[PDB]
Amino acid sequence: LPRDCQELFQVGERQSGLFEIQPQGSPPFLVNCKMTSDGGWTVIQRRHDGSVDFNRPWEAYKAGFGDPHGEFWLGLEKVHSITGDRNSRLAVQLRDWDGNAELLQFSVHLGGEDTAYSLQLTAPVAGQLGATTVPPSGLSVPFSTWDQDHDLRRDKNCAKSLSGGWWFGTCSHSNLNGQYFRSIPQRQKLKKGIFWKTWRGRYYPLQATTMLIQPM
C-alpha cells in the first residue's frame, strides 16, 4: 500500500479521487487525493453545500467526519499520520458567491495530539497570515473545539462562541469549519459562518472551501 497521495502520484496514478493508503504507524484508510502538476495533494477538508454538520466535538475532529464523496473533514490524527513531523505545504482554496476563487499556500508543520494538533508557523509564514509582531522562533496555534478550547481567557471560549473546530489563533482571523450559510441572516450569526477575514471580510460567508496538504 502507498504511504500517501504523493507516493500514489509517483507510481503513475493520474486520477483524483479515493485511494487506500497506509502511512507509518497508521492502519490503512481511504483518502481523497488530488493529482496536479505539483504532484499528489491530500484533500483534508472540502465544503460546498452545507449538507454536513461541522459543529462537532473534539473526538469527531480527531477521527474525521462527513461524506468522502461530498463535504468532509478528514481527521487530525489521519492528517498528522500523513505529515508526520515533516515540513508541509498547506493549500487553502476559497470561493465566493460570485464564482471568484482565491488560492493560498503556506508551509507549515503539524504537531500530533500531544500538541493538540498545533500548527507550527515560522515568523515569515505567520507574517503572511497577518501577524504583524511575531518572535523569530515563530508561532504555534493549537486546534480547538467547543469542548476543548484553548483560549486562555477564563471568560471566553472561542470555538463555542463561533462554530466547529479550527486553529483559532484569534477569534476573527478565519474559520473554514463554521456554519454554512447561503444568504444574509440577522451579524450575530454571521460571526459563526465560514470566513477568511483578509479576502472577503469577517462577516462574509464563503460558498466553498478546500484545504489540501502535501509534505515538503
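So that there is no doubt, residue numbering starts at 1 and follows the sequence shown.
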Task: Gap size, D38 back to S37 (deposited sequence, no coordinates) - done: none
TODO: Mind pulling up the entry and telling me whether 20 to 28 or 204 to 212 has the higher mean Cα temperature factor?
DONE: 20 to 28
Task: Selected stretch [higher average CA B-factor]: 98 to 106 or 70 to 78 - done: 98 to 106
TODO: Name the one of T132, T122, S118, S144 with the greatest CA B-factor according to the PDB entry.
DONE: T132
Open item on the list: Looking at the C-alpha B-factor values in the deposited entry, which of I184, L176, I44, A63 comes out highest?
Closed with: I184
Open item on the list: Taking only the Cα B-factors deposited for this chain, tell me whether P57 sits in the lowest, middle or highest third.
Closed with: middle
Task: CA B-factor ranking of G50, expressed as a third of its chain - done: highest
